[PDB]
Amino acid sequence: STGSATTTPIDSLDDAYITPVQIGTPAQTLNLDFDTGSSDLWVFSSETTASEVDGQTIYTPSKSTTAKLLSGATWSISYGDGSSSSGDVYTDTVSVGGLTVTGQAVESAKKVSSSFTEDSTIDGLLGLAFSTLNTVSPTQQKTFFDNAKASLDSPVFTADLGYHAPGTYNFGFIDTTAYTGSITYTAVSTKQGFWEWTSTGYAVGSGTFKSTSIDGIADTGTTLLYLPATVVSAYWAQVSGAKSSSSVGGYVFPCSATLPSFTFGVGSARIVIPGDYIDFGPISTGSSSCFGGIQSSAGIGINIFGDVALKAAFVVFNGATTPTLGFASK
């Protein structure tokens, strides 16, 4: 089997992407944030504290003839950005782009933190990291990909995120029309539960490539590109007036600037992030200070190839017995 679904930016900055997901019988369609950095499929629901729901579409398990309470199971997750959610668990039928999993754990939120409430466009998350990170207790549950894998034509999914435009998540096949050149594959460590890999270096604008190993995660659920402070300083030094602002929380730059590109290495191959992809707009409405899309990972504990990087590539998440990651230009 295969599936194919369009993923759409939630706003004009590409702060996140939402993908429609069918849950239950009859189908209830929720728009979920596909997150290769986590491993829980959780939704706003009829059980979510009423004051914490503000415009999201909810899953109502009592209206699904295929929903079953997973008795005794609870879940609770905290993301690196400080947001969180928790609740209980149902199993139900879940379909993405025509690919169906029966018996998928659907984690129903009883509580969500303020950032989730405040984002009316995201109805929940669909985790695509390794199932070892799943938070369900006392019986850990499998991700949608992990459940679908054996049925797929090939044990892979691909992320093709758009810049200020829709893109595609495919399951079970590689669309050879969706990229240019060849796909370069690189090794993955699953030891921390992430799609963790080592970039071979970087360049700023038209500058020379610096060969250096950068260990990080391919994370569709993180907006920005977080890299070591040395790399980030070298980038922003090429933008007149750019500076790190403790009060804003990262590098800012004059909105009048033209940003240079940023290149990262995948083996001997190179992925070029255009300068425009690094502009996250005014820090507050009407400001002439703009927020940068490349930020320091110091204090995070890991480097993060988030959407800013991934949207410049066609990315293969290869879930073969030994997982790997593939990157192509597009």
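Sequential numbering from 1, following the sequence displayed.
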query: 215-223 or 80-88, whichever carries the higher mean Cα B-factor; finding: 80-88
query: Greater mean Cα temperature factor according to the PDB record, 273-281 or 298-306; finding: 298-306
query: Most elevated Cα B-factor in the entry, residues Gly292, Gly37, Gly265, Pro61; finding: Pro61
query: Maximum C-alpha temperature factor, selected from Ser287, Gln28, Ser261, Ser51; finding: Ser51
query: Modelled-residue ranking by C-alpha temperature factor, third containing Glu196; finding: middle
query: Relative C-alpha B-factor of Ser12, binned into the chain's lowest, middle or highest third; finding: highest
query: Among modelled residues of the same chain, the CA temperature factor third for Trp236; finding: lowest
query: Chain third (lowest, middle, highest) by recorded CA B-factor, residue given as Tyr251; finding: lowest
query: CA B-factor ranking of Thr208, expressed as a third of its chain; finding: highest
